[PDB]
Amino acid sequence: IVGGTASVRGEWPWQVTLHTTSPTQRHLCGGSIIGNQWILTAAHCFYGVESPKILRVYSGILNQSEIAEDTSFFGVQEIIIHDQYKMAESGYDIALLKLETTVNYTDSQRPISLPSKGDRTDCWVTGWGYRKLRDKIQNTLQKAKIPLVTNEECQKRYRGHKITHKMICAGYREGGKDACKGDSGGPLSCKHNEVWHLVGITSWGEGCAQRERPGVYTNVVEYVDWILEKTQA
Ligand SMILES: *[C@@](O)(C1NC=CS1)[C@H](CCCNC(=N)N)NC(=O)[C@@H](NC(=O)[C@H](CC(N)=O)NC(=O)N[C@H](C)c1ccc(Br)cc1)C(C)C
């Protein structure tokens, strides 16, 4: 997260930190709780990830230093990637994680409502990623208010990339506030009528918070059907 501020403990209940044990443990990507045993995130986060067994999910986290070898975590029973995914920059950068055990909701971990298809503004991108292109994972969960930018507006900034309707861009004309390396998979949460909705999944972008370079996110509303299909028994 570039140009943001440290969050408060429990400020973003759905946000979780995904770790990989190979070759050694470390933050891998962001993620959103959306059900007892369902974590939503970006598909590109599992490039070269063979077994779901190397994945460890931590919810209710504020600071990475809350995580040590003796720290509890939810095991990942299954990794479901969208059958059309290929490159994050081509779309379908969405994936589901089915946790080994059910999640007990508390003040520090609750799910986030999926946007209503009937809805095809007050948005924030959160994460523990870089503060600038070259940097390091942040200990304290970062957050930043970013305005959504139309696709026609996005396409222009990306004359080399084709921004479909399954994508949505957010950023500032001037930059300065955007997600960066390590925020991937993480949520773009927007609040309407004081109800949060998972509008986007951090996906890609040229650099971080650069002028006229909106961050490209997966447009979640375009996948709820896919989601209900995968979450179903
Ligand atoms: C995620 O946090 C990560 N996914 C995997 C590792 S880190 C970032 C979020 C990017 C948000 N950007 C923004 N709002 N400005 N995603 C990526 O790094 C993805 N790639 C890219 O965003 C860009 C796309 C491009 N056309 O350049 N690629 C890129 O930065 N590539 C270089 C090679 C790179 C440098 C450092 C790191 Br840690 C990764 C890649 C994924 C790689 C698809």
# chains A, B, ... in the order shown; residues from 1 in each chain; ligands from 1

$ residues_near_ligand --ligand "ligand 1" --cutoff "8 Å" --atoms "only C-alpha atoms and all ligand atoms" --output "VMD selection string"
chain A and resid 28 to 30 44 to 45 87 to 89 129 133 to 134 161 170 to 171 178 to 186 202 to 210 213 to 217

$ residues_around --residues "range 102-117 of chain A" --least-positions-apart "5" --cutoff "10 Å" --atoms "only C-alpha atoms" --output "PyMOL selection string"
chain A and resi 9-16+32-39+58-62+74+187+189-190+195-200+219-225+227

$ select_by_dssp --residues "range 30-168 of chain A" --states "strand (DSSP E or B)" --output "JSON list (two decimals) with N, CA and C atoms, in the first residue's frame"
[["chain", "number", "residue", "atom", "x", "y", "z"],
["A", 30, "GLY", "N", -2.89, -11.12, -0.20],
["A", 30, "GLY", "CA", -3.98, -10.70, 0.64],
["A", 30, "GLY", "C", -5.14, -11.64, 0.37],
["A", 31, "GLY", "N", -6.23, -11.48, 1.11],
["A", 31, "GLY", "CA", -7.40, -12.32, 0.93],
["A", 31, "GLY", "C", -8.60, -11.79, 1.71],
["A", 32, "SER", "N", -9.79, -12.25, 1.34],
["A", 32, "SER", "CA", -11.01, -11.82, 1.99],
["A", 32, "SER", "C", -11.88, -12.99, 2.44],
["A", 33, "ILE", "N", -12.31, -12.94, 3.69],
["A", 33, "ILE", "CA", -13.20, -13.97, 4.22],
["A", 33, "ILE", "C", -14.57, -13.64, 3.64],
["A", 34, "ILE", "N", -15.28, -14.66, 3.17],
["A", 34, "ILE", "CA", -16.62, -14.43, 2.63],
["A", 34, "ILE", "C", -17.55, -15.55, 3.05],
["A", 35, "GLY", "N", -17.06, -16.43, 3.91],
["A", 35, "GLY", "CA", -17.86, -17.54, 4.39],
["A", 35, "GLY", "C", -17.11, -18.35, 5.43],
["A", 38, "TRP", "N", -14.61, -20.09, 3.39],
["A", 38, "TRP", "CA", -14.24, -19.58, 2.08],
["A", 38, "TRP", "C", -13.45, -18.28, 2.06],
["A", 39, "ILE", "N", -12.26, -18.35, 1.46],
["A", 39, "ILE", "CA", -11.39, -17.18, 1.31],
["A", 39, "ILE", "C", -11.35, -16.82, -0.18],
["A", 40, "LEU", "N", -11.56, -15.55, -0.49],
["A", 40, "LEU", "CA", -11.52, -15.12, -1.87],
["A", 40, "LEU", "C", -10.21, -14.38, -2.09],
["A", 41, "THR", "N", -9.62, -14.57, -3.27],
["A", 41, "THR", "CA", -8.35, -13.91, -3.57],
["A", 41, "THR", "C", -8.04, -13.99, -5.07],
["A", 55, "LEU", "N", 0.05, -23.64, 1.87],
["A", 55, "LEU", "CA", -0.67, -22.42, 2.22],
["A", 55, "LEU", "C", -1.17, -22.40, 3.66],
["A", 56, "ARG", "N", -0.98, -21.27, 4.33],
["A", 56, "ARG", "CA", -1.45, -21.08, 5.70],
["A", 56, "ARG", "C", -2.19, -19.75, 5.73],
["A", 57, "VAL", "N", -3.42, -19.77, 6.22],
["A", 57, "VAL", "CA", -4.24, -18.57, 6.29],
["A", 57, "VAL", "C", -4.36, -18.02, 7.71],
["A", 58, "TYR", "N", -4.12, -16.72, 7.86],
["A", 58, "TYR", "CA", -4.20, -16.04, 9.15],
["A", 58, "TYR", "C", -5.22, -14.92, 9.10],
["A", 59, "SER", "N", -6.25, -15.02, 9.93],
["A", 59, "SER", "CA", -7.28, -13.99, 9.98],
["A", 59, "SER", "C", -7.13, -13.21, 11.27],
["A", 63, "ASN", "N", -0.82, -6.92, 12.69],
["A", 63, "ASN", "CA", 0.62, -6.87, 12.49],
["A", 63, "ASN", "C", 1.16, -8.25, 12.15],
["A", 74, "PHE", "N", -5.40, -21.21, 9.69],
["A", 74, "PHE", "CA", -6.36, -22.11, 9.06],
["A", 74, "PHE", "C", -5.71, -22.83, 7.89],
["A", 75, "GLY", "N", -5.81, -24.15, 7.89],
["A", 75, "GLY", "CA", -5.24, -24.91, 6.80],
["A", 75, "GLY", "C", -6.13, -24.77, 5.57],
["A", 76, "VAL", "N", -5.53, -24.87, 4.39],
["A", 76, "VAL", "CA", -6.26, -24.76, 3.14],
["A", 76, "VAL", "C", -6.54, -26.13, 2.56],
["A", 77, "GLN", "N", -7.81, -26.52, 2.59],
["A", 77, "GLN", "CA", -8.20, -27.81, 2.08],
["A", 77, "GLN", "C", -8.17, -27.90, 0.56],
["A", 78, "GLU", "N", -8.59, -26.82, -0.11],
["A", 78, "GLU", "CA", -8.63, -26.81, -1.57],
["A", 78, "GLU", "C", -8.39, -25.43, -2.19],
["A", 79, "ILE", "N", -7.73, -25.43, -3.35],
["A", 79, "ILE", "CA", -7.43, -24.20, -4.08],
["A", 79, "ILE", "C", -8.23, -24.21, -5.37],
["A", 80, "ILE", "N", -9.26, -23.38, -5.45],
["A", 80, "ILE", "CA", -10.05, -23.36, -6.67],
["A", 80, "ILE", "C", -9.77, -22.13, -7.51],
["A", 81, "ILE", "N", -9.24, -22.36, -8.70],
["A", 81, "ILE", "CA", -8.92, -21.28, -9.64],
["A", 81, "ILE", "C", -9.93, -21.28, -10.78],
["A", 95, "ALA", "N", -9.64, -16.50, -7.43],
["A", 95, "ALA", "CA", -9.47, -17.84, -6.92],
["A", 95, "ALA", "C", -10.15, -17.99, -5.57],
["A", 96, "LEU", "N", -10.57, -19.21, -5.26],
["A", 96, "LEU", "CA", -11.22, -19.50, -4.00],
["A", 96, "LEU", "C", -10.37, -20.47, -3.21],
["A", 97, "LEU", "N", -10.39, -20.31, -1.89],
["A", 97, "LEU", "CA", -9.68, -21.20, -1.00],
["A", 97, "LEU", "C", -10.71, -21.77, -0.05],
["A", 98, "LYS", "N", -10.75, -23.10, 0.04],
["A", 98, "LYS", "CA", -11.67, -23.75, 0.94],
["A", 98, "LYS", "C", -10.80, -24.13, 2.13],
["A", 99, "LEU", "N", -11.11, -23.57, 3.30],
["A", 99, "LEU", "CA", -10.35, -23.84, 4.51],
["A", 99, "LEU", "C", -10.63, -25.23, 5.08],
["A", 106, "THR", "N", -15.76, -13.41, 14.92],
["A", 106, "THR", "CA", -15.59, -12.61, 16.12],
["A", 106, "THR", "C", -15.44, -11.16, 15.69],
["A", 109, "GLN", "N", -12.70, -11.00, 13.02],
["A", 109, "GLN", "CA", -12.80, -11.75, 11.77],
["A", 109, "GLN", "C", -14.25, -12.05, 11.43],
["A", 123, "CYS", "N", -14.61, 3.61, -1.46],
["A", 123, "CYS", "CA", -13.69, 2.48, -1.54],
["A", 123, "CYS", "C", -12.30, 2.59, -0.94],
["A", 124, "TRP", "N", -11.87, 1.49, -0.32],
["A", 124, "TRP", "CA", -10.55, 1.42, 0.28],
["A", 124, "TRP", "C", -9.80, 0.16, -0.12],
["A", 125, "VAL", "N", -8.51, 0.31, -0.41],
["A", 125, "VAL", "CA", -7.70, -0.84, -0.74],
["A", 125, "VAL", "C", -6.81, -0.99, 0.49],
["A", 126, "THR", "N", -6.77, -2.20, 1.04],
["A", 126, "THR", "CA", -5.99, -2.50, 2.24],
["A", 126, "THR", "C", -4.95, -3.57, 1.94],
["A", 127, "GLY", "N", -3.96, -3.69, 2.82],
["A", 127, "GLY", "CA", -2.93, -4.70, 2.62],
["A", 127, "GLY", "C", -1.66, -4.46, 3.41],
["A", 140, "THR", "N", 2.47, -3.56, 10.05],
["A", 140, "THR", "CA", 1.12, -3.11, 10.34],
["A", 140, "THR", "C", 0.25, -2.97, 9.09],
["A", 142, "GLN", "N", -1.91, -1.88, 6.25],
["A", 142, "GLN", "CA", -2.12, -0.56, 5.68],
["A", 142, "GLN", "C", -3.45, -0.41, 4.95],
["A", 143, "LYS", "N", -3.96, 0.82, 4.91],
["A", 143, "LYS", "CA", -5.24, 1.10, 4.25],
["A", 143, "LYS", "C", -5.21, 2.43, 3.51],
["A", 144, "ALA", "N", -5.97, 2.53, 2.43],
["A", 144, "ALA", "CA", -6.02, 3.77, 1.66],
["A", 144, "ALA", "C", -7.30, 3.93, 0.84],
["A", 145, "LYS", "N", -7.87, 5.13, 0.91],
["A", 145, "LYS", "CA", -9.09, 5.46, 0.18],
["A", 145, "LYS", "C", -8.72, 5.77, -1.27],
["A", 148, "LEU", "N", -12.77, 4.93, -7.71],
["A", 148, "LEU", "CA", -12.86, 4.08, -8.88],
["A", 148, "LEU", "C", -12.74, 4.92, -10.14],
["A", 149, "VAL", "N", -12.04, 4.41, -11.15],
["A", 149, "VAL", "CA", -11.90, 5.13, -12.41],
["A", 149, "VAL", "C", -12.51, 4.29, -13.53],
["A", 167, "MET", "N", -12.89, -6.25, -15.30],
["A", 167, "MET", "CA", -11.90, -5.52, -14.52],
["A", 167, "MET", "C", -12.48, -4.17, -14.12],
["A", 168, "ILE", "N", -11.89, -3.58, -13.09],
["A", 168, "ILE", "CA", -12.28, -2.26, -12.61],
["A", 168, "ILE", "C", -11.02, -1.62, -12.06]]

$ atom_distance --atom1 "CA of residue 82 in chain A" --atom2 "CA of residue 43 in chain A"
7.4 Å

$ closest_residue --among "A:21, A:64, A:231, A:150" --to "residue 50 in chain A" --atoms "only C-alpha atoms"
A:21

$ atom_distance --atom1 "CA of residue 4 in chain A" --atom2 "CA of residue 176 in chain A"
9.0 Å

$ closest_residue --among "A:141, A:2, A:54, A:163" --to "residue 66 in chain A" --atoms "only C-alpha atoms"
A:141

$ atom_distance --atom1 "CA of residue 48 in chain A" --atom2 "CA of residue 84 in chain A"
17.0 Å

$ select_by_dssp --residues "range 5-224 of chain A" --states "helix (DSSP H, G or I)" --output "ChimeraX atom specification"
/A:43-46,52-54,64-66,88-90,117-119,151-157,220-224

$ write_last_selection --atoms "N, CA, C and O atoms" --output "tab-separated table (two decimals), in the first residue's frame"
chain	number	residue	atom	x	y	z
A	43	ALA	N	-6.16	-15.26	-8.50
A	43	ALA	CA	-5.63	-16.52	-8.98
A	43	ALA	C	-4.13	-16.48	-9.21
A	43	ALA	O	-3.45	-17.45	-8.92
A	44	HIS	N	-3.61	-15.35	-9.69
A	44	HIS	CA	-2.18	-15.27	-9.95
A	44	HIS	C	-1.34	-15.49	-8.69
A	44	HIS	O	-0.13	-15.69	-8.77
A	45	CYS	N	-1.98	-15.48	-7.52
A	45	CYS	CA	-1.26	-15.69	-6.27
A	45	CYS	C	-0.79	-17.13	-6.12
A	45	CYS	O	0.00	-17.44	-5.24
A	46	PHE	N	-1.27	-18.01	-6.98
A	46	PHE	CA	-0.80	-19.38	-6.80
A	46	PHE	C	0.03	-19.87	-7.99
A	46	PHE	O	0.07	-21.05	-8.32
A	52	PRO	N	-1.94	-27.36	-1.81
A	52	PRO	CA	-2.61	-26.39	-0.94
A	52	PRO	C	-2.00	-26.47	0.45
A	52	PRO	O	-2.18	-25.59	1.30
A	53	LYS	N	-1.25	-27.55	0.67
A	53	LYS	CA	-0.60	-27.80	1.95
A	53	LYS	C	0.49	-26.78	2.29
A	53	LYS	O	0.91	-26.70	3.44
A	54	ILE	N	0.99	-26.04	1.30
A	54	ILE	CA	2.01	-25.05	1.61
A	54	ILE	C	1.36	-23.72	2.01
A	54	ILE	O	2.04	-22.79	2.47
A	64	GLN	N	2.04	-8.32	11.17
A	64	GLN	CA	2.63	-9.59	10.77
A	64	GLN	C	3.35	-10.24	11.95
A	64	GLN	O	3.31	-11.46	12.09
A	65	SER	N	3.98	-9.43	12.80
A	65	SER	CA	4.67	-9.98	13.95
A	65	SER	C	3.74	-10.69	14.93
A	65	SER	O	4.15	-11.10	16.02
A	66	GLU	N	2.48	-10.82	14.56
A	66	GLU	CA	1.53	-11.54	15.39
A	66	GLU	C	1.75	-13.00	15.02
A	66	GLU	O	1.43	-13.91	15.79
A	88	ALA	N	-2.83	-12.66	-15.09
A	88	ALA	CA	-3.56	-11.68	-14.29
A	88	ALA	C	-3.99	-10.54	-15.21
A	88	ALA	O	-5.09	-10.01	-15.09
A	89	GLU	N	-3.10	-10.19	-16.13
A	89	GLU	CA	-3.34	-9.10	-17.06
A	89	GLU	C	-4.32	-9.42	-18.19
A	89	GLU	O	-4.51	-8.60	-19.10
A	90	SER	N	-4.95	-10.59	-18.14
A	90	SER	CA	-5.93	-10.97	-19.15
A	90	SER	C	-7.31	-11.14	-18.52
A	90	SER	O	-8.30	-11.30	-19.22
A	117	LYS	N	-25.48	-8.49	-7.85
A	117	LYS	CA	-25.50	-8.45	-9.31
A	117	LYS	C	-26.45	-7.34	-9.75
A	117	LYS	O	-26.29	-6.76	-10.82
A	118	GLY	N	-27.45	-7.07	-8.92
A	118	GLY	CA	-28.39	-6.02	-9.23
A	118	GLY	C	-27.72	-4.65	-9.21
A	118	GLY	O	-28.36	-3.63	-9.52
A	119	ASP	N	-26.44	-4.61	-8.83
A	119	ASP	CA	-25.68	-3.37	-8.77
A	119	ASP	C	-24.59	-3.26	-9.83
A	119	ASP	O	-23.57	-2.59	-9.62
A	151	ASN	N	-13.63	2.38	-16.92
A	151	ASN	CA	-12.82	1.55	-17.79
A	151	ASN	C	-12.34	2.30	-19.03
A	151	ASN	O	-11.21	2.10	-19.48
A	152	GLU	N	-13.18	3.18	-19.58
A	152	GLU	CA	-12.76	3.96	-20.74
A	152	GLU	C	-11.54	4.76	-20.29
A	152	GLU	O	-10.56	4.90	-21.02
A	153	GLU	N	-11.62	5.26	-19.06
A	153	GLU	CA	-10.54	6.04	-18.46
A	153	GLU	C	-9.30	5.16	-18.22
A	153	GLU	O	-8.16	5.60	-18.40
A	154	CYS	N	-9.53	3.92	-17.81
A	154	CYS	CA	-8.45	2.98	-17.55
A	154	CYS	C	-7.74	2.57	-18.83
A	154	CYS	O	-6.51	2.62	-18.91
A	155	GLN	N	-8.53	2.14	-19.81
A	155	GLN	CA	-8.00	1.72	-21.10
A	155	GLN	C	-6.99	2.74	-21.63
A	155	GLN	O	-5.91	2.38	-22.09
A	156	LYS	N	-7.36	4.02	-21.55
A	156	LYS	CA	-6.50	5.07	-22.07
A	156	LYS	C	-5.11	5.04	-21.42
A	156	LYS	O	-4.08	5.17	-22.06
A	157	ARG	N	-5.12	4.89	-20.08
A	157	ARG	CA	-3.86	4.84	-19.35
A	157	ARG	C	-3.05	3.60	-19.74
A	157	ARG	O	-1.83	3.56	-19.63
A	220	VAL	N	-15.27	-8.05	-9.07
A	220	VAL	CA	-15.98	-9.13	-8.39
A	220	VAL	C	-17.44	-9.38	-8.77
A	220	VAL	O	-17.86	-10.54	-8.89
A	221	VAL	N	-18.21	-8.32	-8.94
A	221	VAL	CA	-19.62	-8.50	-9.27
A	221	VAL	C	-19.79	-9.45	-10.45
A	221	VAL	O	-20.73	-10.25	-10.50
A	222	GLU	N	-18.85	-9.38	-11.39
A	222	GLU	CA	-18.89	-10.22	-12.58
A	222	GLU	C	-18.57	-11.69	-12.30
A	222	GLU	O	-18.45	-12.49	-13.22
A	223	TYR	N	-18.45	-12.05	-11.02
A	223	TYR	CA	-18.11	-13.43	-10.66
A	223	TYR	C	-18.95	-14.07	-9.56
A	223	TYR	O	-18.72	-15.24	-9.23
A	224	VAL	N	-19.91	-13.34	-9.01
A	224	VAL	CA	-20.72	-13.92	-7.94
A	224	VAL	C	-21.36	-15.23	-8.40
A	224	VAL	O	-21.45	-16.18	-7.62

$ closest_residue --among "A:212, A:233, A:42, A:6" --to "residue 18 in chain A" --atoms "only C-alpha atoms"
A:42
